[PDB]
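Now the structure itself:
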């Protein structure tokens, strides 16, 4: 079977991909949540392809993990992105959330958003 | 008298960072869920004051449907956690020269097609 | 290219205090108005990114009606500046759907994050 | 929008089949070329979104150098149509970095998914 390496920050996302690949006759060789140990364990695993989360953060981010996988084990890379289109924000609008916090979230902004959100609810009700 | 926070976040680093941040600032982290279905089910028993919900969610319910149910069945204010995928990450990614890009959630049909195309490509080249 | 803030505030010292806080944060304050009718008149010309409205305005248009018009006709996000506790006015304020409520004396750091978050929410949802 | 496709193919049945497959999928076929020299000359003015080029062509310019000039000159994603399996023409083809290689006979859904992934890769990396 063609061997697949997965690098994915999301717990269920990594799992979903594994199960999907395995339902289609693939052999998933390693599933990693960080780039350094993916790049470290990949040579002694010899995969045919790497699937990499473009939005991976940490010691090695998504792009630099892929770069080192492509140069190291001579792997082709497929990047896994989010489908964050304006259409999803149109559906999000309808639930009327307090607002949106982009990753990585700052502590000050996190606290202030939580407290103005709770205060808005209290005042309006 | 800690305000109680429920978090729906699949990302291991974001979910761990947000626990740490919130527990420092003086909040009760009531539960962290990697899917919307569990979140919606556990929430009335947890009685949160607020939900932090990632807009990108694998599982039955997407992030938006998850927040809609948390705003209704549990009477919660919602803050969405969003991604930071700027053009600058795709300019760096170009330099890797990847085979391509697949948006989450990926259909197993598309996933299988792209892999077989990518391997066979790599065979013919270096 | 920092955001353009429009202030609607009856108390002249509070307006000034607000202007001081906003200028110290870096924001450009485009106009300060004490009656709501003329704020709505000037709004399309000076093109603000956000409007800070005193919920307790009286006269020609009240705070709620001034914000209702700015929010709908100029597509401005609204933060209400509050002092009193009249439940009835917070009911009508709900209907303009403001971003939040800031109680005077306003802390600058809350002011800064509210404005950032209000404009950001507006950007994504457009 | 459904992309504009340029075809460079000297096999007359292959050329015909490709033109039919694309049009039945919706695509607008902008031009069909027997030879690379004239493909490279006419393509900047056609303004294609993608080129399907046979890896082997008769004339002054082979497949590999037609596609190299089409990719570098029109900022164009290139899919190669292959049969042939010559080792070092592929090692030269690597240096064009095409989206991929489609072995004849080409399944019309393999072609569709290659074109949509080739364009999306370029759009994202833009």
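Protein chains in written order, with the authors' numbering: chain B, 7 to 131; chain A, 6 to 131; chain C, 6 to 131; chain D, 6 to 131. Even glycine gets a Cβ: it sits at the ideal position worked out from N, Cα and C.
Report task. Within its chain, find whatever has a CB closer than 7 Å to the CB of residue 101 of chain D; leave out the 5 residues flanking it on each side and keep chain order. Result -> Residue numbering aside, residue 101 of chain D sits at position 96 when the fourth chain is read from its first letter. Excluding residues within five positions, the ones whose Cβ falls inside 7 Å are 69, 72, 73, 76, 83.
Query raised in the report: With 16 other CB atoms within 10 Å as the buried threshold, where does residue 25 of chain A fall?
Result: The residue given as residue 25 of chain A occupies position 20 in the second chain. Under this definition residue 25 of chain A is an exposed residue.
Requested in this report: Taking residue 57 of chain D as part of the beta strand (DSSP E), name the residues at either end of that continuous run.
Outcome: As a working mapping, residue 57 of chain D is identified with position 52 in the fourth chain. Counting along the chain, the beta strand (DSSP E) containing residue 57 of chain D begins and ends at 55–59.
Query raised in the report: Along chain B, in chain order, which residues have C-beta atoms closer than 7 Å to that of residue 83 of chain A?
Result: In the second chain, residue 83 of chain A corresponds to position 78, counting from 1. What residue 83 of chain A touches in chain B: 101, 103, 104.
Query raised in the report: Does the beta carbon of residue 130 of chain A sit closer than 7 Å to a beta carbon anywhere in chain D?
Result: Mapped onto the second chain, residue 130 of chain A falls at position 125. Taking CB atoms only, residue 130 of chain A has a neighbour in chain D less than 7 Å away.
Requested in this report: State yes or no: is the beta carbon of residue 72 of chain A nearer than 7 Å to at least one beta carbon in chain B?
Outcome: Looking up residue 72 of chain A in the second chain gives position 67. Taking a beta-carbon distance threshold of 7 Å, residue 72 of chain A counts as an interface residue toward chain B.
Query raised in the report: Whole-angstrom Cβ separation of residue 95 of chain A and residue 130 of chain D, contact assumed at under 8 Å?
Result: As a working mapping, residue 95 of chain A is identified with position 90 in the second chain. As a working mapping, residue 130 of chain D is identified with position 125 in the fourth chain. Contact between residue 95 of chain A and residue 130 of chain D holds: their C-beta atoms lie close to 6 Å from each other, under 8 Å.
Report task. Find the residues of chain A that neighbour residue 94 of chain B, judging by a C-beta separation of less than 7 Å, and give them in chain order. Result -> The count along the first chain starts at 1 and reaches residue 94 of chain B at position 88. Chain A residues near residue 94 of chain B: 60, 69.
Query raised in the report: Among B:115, B:55, B:17, which residue has its Cα nearest to the Cα of residue 11 of chain B?
Result: As a first step, residue 11 of chain B is located in the first chain; it is residue number 5 there, counting from the start. In this structure, B:55 is the residue among B:115, B:55, B:17 with its C-alpha nearest to the C-alpha of residue 11 of chain B.
Query raised in the report: Do you know how far the Cα of residue 109 of chain B is from the Cα of residue 62 of chain A?
Result: Residue numbering aside, residue 62 of chain A sits at position 57 when the second chain is read from its first letter. Residue numbering aside, residue 109 of chain B sits at position 103 when the first chain is read from its first letter. Straight-line Cα distance between these residues: approximately 15 Å.
Report task. Under 6 Å Cβ to Cβ from residue 33 of chain B, same chain only, skipping five residues before and after it: list those, please. Result -> As a first step, residue 33 of chain B is located in the first chain; it is residue number 27 there, counting from the start. For residue 33 of chain B, where only same-chain residues beyond five positions count, the Cβ hits under 6 Å are 7, 9.
Query raised in the report: So is residue 126 of chain D in contact with chain A if we call contact Cβ pairs under 7 Å?
Result: Looking up residue 126 of chain D in the fourth chain gives position 121. With a threshold of 7 Å between beta carbons, residue 126 of chain D makes contact with chain A.
Query - Among D:118, D:19, D:79, the one whose alpha carbon lies nearest that of residue 44 of chain D - result: Numbered from its first residue, the fourth chain carries residue 44 of chain D at position 39. Nearest option by C-alpha distance: D:79.
Requested in this report: Give the interface partners of residue 119 of chain A over in chain D, defined as CB-CB distance under 9 Å, in chain order.
Outcome: Position 114 of the second chain, counting from 1, holds the residue named residue 119 of chain A. Within chain D, the residues near residue 119 of chain A are 118, 122.
Query raised in the report: Within 7 Å (strictly less), CB to CB, does residue 115 of chain C reach chain B?
Result: Position 110 of the third chain holds residue 115 of chain C. Yes, its Cβ sits closer than 7 Å to a Cβ of chain B.
Query raised in the report: Tell me, which residues are paired with residue 10 of chain C by DSSP?
Result: The residue you call residue 10 of chain C lines up with position 5 of the third chain. Beta-bridge pairing links residue 10 of chain C to C:34, C:55.
Query raised in the report: Would you report the Cα separation of residue 15 of chain B and residue 36 of chain B, rounded to the nearest angstrom?
Result: The residue you call residue 15 of chain B lines up with position 9 of the first chain. The residue you call residue 36 of chain B lines up with position 30 of the first chain. Residue 15 of chain B and residue 36 of chain B: Cα-Cα distance of roughly 14 Å.
Query raised in the report: Which first and last residues belong to the alpha helix (DSSP H) in which residue 95 of chain A is found?
Result: One-based indexing of the second chain puts residue 95 of chain A at position 90. Residues 92–99.
Report task. Identify the continuous beta strand (DSSP E) that holds residue 105 of chain C and give its terminal residues. Result -> The residue given as residue 105 of chain C occupies position 100 in the third chain. First-last of the beta strand (DSSP E) with residue 105 of chain C: 105–108.
Requested in this report: Determine the burial state of residue 123 of chain B: buried for a count of at least 16 other Cβ atoms within 10 Å of its Cβ, exposed for fewer.
Outcome: In the first chain, the residue the question calls residue 123 of chain B occupies position 117. In summary, residue 123 of chain B is buried, with 16 or more beta-carbon neighbours lying within 10 Å of its beta-carbon over all protein chains present.
**Report entry** Residues near residue 52 of chain D by beta carbon distance below 6 Å, same chain, minus five either side
**Finding:** In the fourth chain, counting from the first residue as 1, residue 52 of chain D sits at position 47. Closer than 6 Å at Cβ, skipping near neighbours: no residue.
Query raised in the report: So what does DSSP say about residue 16 of chain A, is it helix, strand or coil?
Result: Along the second chain, one-based indexing puts residue 16 of chain A at 11. Residue 16 of chain A: strand per DSSP, three-state reduction.
**Report entry** Pairwise C-alpha distance: residue 89 of chain B and residue 27 of chain A
**Finding:** Here residue 27 of chain A refers to the residue found at position 22 when the second chain is read from its first residue. Here residue 89 of chain B refers to the residue found at position 83 when the first chain is read from its first residue. Each residue's alpha carbon lies about 28 Å from the other.
Report task. May I have the straight-line CA-CA distance separating residue 57 of chain A from residue 66 of chain B, to the nearest angstrom? Result -> Residue 57 of chain A sits at position 52 when you count from the first residue of the second chain. Residue 66 of chain B sits at position 60 when you count from the first residue of the first chain. Taking the straight line joining both Cα atoms gives about 27 Å.
Query raised in the report: Using the beta-carbon of each residue, which ones in chain A are nearer than 9 Å to residue 86 of chain B?
Result: Here residue 86 of chain B refers to the residue found at position 80 when the first chain is read from its first residue. Neighbours of residue 86 of chain B across chain A, judged by C-beta separation under 9 Å: 106, 107, 108, 109, 111.
Report task. Run down chain A in chain order and give the residues with a C-beta less than 9 Å from the C-beta of residue 15 of chain B. Result -> Here residue 15 of chain B refers to the residue found at position 9 of the first chain. Neighbours of residue 15 of chain B on chain A, chain order: 15, 16, 17, 18, 19.
Report task. List the residues of chain F whose Cβ lies closer than 7 Å to the Cβ of residue 39 of chain B, in chain order. Result -> In summary, chain F is missing from the structure at hand, where the protein chains are B, A, C and D.
Query raised in the report: Do residue 64 of chain D and residue 126 of chain A come within 7 Å of each other at the CB atom, strictly closer than that value?
Result: In the second chain, residue 126 of chain A corresponds to position 121, counting from 1. In the fourth chain, residue 64 of chain D corresponds to position 59, counting from 1. The answer is no: Cβ separation not under 7 Å.
**Report entry** Neighbouring residues, chain A, relative to residue 76 of chain B (Cβ below 9 Å)
**Finding:** One-based indexing of the first chain puts residue 76 of chain B at position 70. Under the 9 Å cutoff, chain A gives 101, 102, 103.
Query raised in the report: If you compare alpha carbons, which of B:128, B:48, B:22, B:115 is closest to residue 121 of chain C?
Result: Position 116 of the third chain, counted from the first residue, corresponds to residue 121 of chain C. The shortest Cα separation from residue 121 of chain C among B:128, B:48, B:22, B:115 belongs to B:115.
Report task. Throw me the rounded Cβ distance for the residue 22 of chain A and residue 107 of chain B pair, which I believe falls under 8 Å. Result -> Walking along the second chain from the start, residue 22 of chain A turns up at place 17. Walking along the first chain from the start, residue 107 of chain B turns up at place 101. Not a contact, Cβ separation roughly 12 Å.
Query - Cα-Cα separation, residue 41 of chain D to residue 18 of chain D - result: Sequence index remark: in the fourth chain, residue 41 of chain D carries index 36 (1-based). Sequence index remark: in the fourth chain, residue 18 of chain D carries index 13 (1-based). Distance between the alpha carbons of residue 41 of chain D and residue 18 of chain D is about 18 Å.
Report task. Could you tell me if residue 59 of chain C is buried or exposed, where buried requires 16 or more neighbouring beta carbons within 10 angstroms of its beta carbon? Result -> Locating residue 59 of chain C in the third chain gives position 54, where the first residue counts as 1. It counts as buried.
Query raised in the report: Does any residue of chain A bring its CB to less than 7 Å from the CB of residue 48 of chain B?
Result: One-based indexing of the first chain puts residue 48 of chain B at position 42. Not one chain A Cβ lies under 7 Å of residue 48 of chain B.
Query raised in the report: Hey, does residue 54 of chain B have any beta-carbon neighbour from chain A nearer than 7 Å?
Result: The sequence position of residue 54 of chain B within the first chain is 48, counting from 1. With respect to chain A, the C-beta atom of residue 54 of chain B has a partner C-beta closer than 7 Å.
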